[PDB]
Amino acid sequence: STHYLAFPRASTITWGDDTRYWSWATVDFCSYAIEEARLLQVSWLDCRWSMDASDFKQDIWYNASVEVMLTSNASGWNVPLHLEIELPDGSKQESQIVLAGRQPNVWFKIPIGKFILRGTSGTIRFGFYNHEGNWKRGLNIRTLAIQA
């Protein structure tokens, strides 16, 4: 079961307001108007949603997922995409995925890890990033999904 969807406008995306690096396109999602974040090109890819432990139930396993598409111009996905959940104590769930082997122009969902809240509140960060000196191009971001 899906408890929340968070759209990229709610994310902190480095360069997201820079038109030479990122685009925004309005589109319909099951009657709701959302904006997809479309990466043209960056060296510094960093996309981080912020929600609060208090937004969730305690002692329940949550999984997080981000739905993306590679464009026809997709490139530089040979480097590891770092996946992260940061809990309010600073502890993290850390992962890695290589996108170079994926087919373009189809939505797929990347899992970014599982968490549980024991002992209640504080920021919880949901992100992916790659900071290497190579160009990442042509990733479109639909939504963060949080399940339990």
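Residue positions are given as counts along the sequence shown, with the first one as 1.
Unmodelled residues of the deposited sequence between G119 and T120: 1 to 3.
Stretches 54-62 and 80-88 differ in mean CA B factor, with 54-62 having the higher one. Per the PDB entry, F29 shows the highest C-alpha temperature factor of the residues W49, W44, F108, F29.
Compared with the other modelled residues of the chain, the Cα B-factor recorded for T19 ranks in the highest third. Per the deposited record, the Cα B-factor of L144 falls in the middle third when ranked against the other modelled residues of its chain. Sort the modelled residues of the chain by CA B factor and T12 lands in the middle third.
Annotation for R125: CA B-factor lies in the highest third of the chain's modelled residues.
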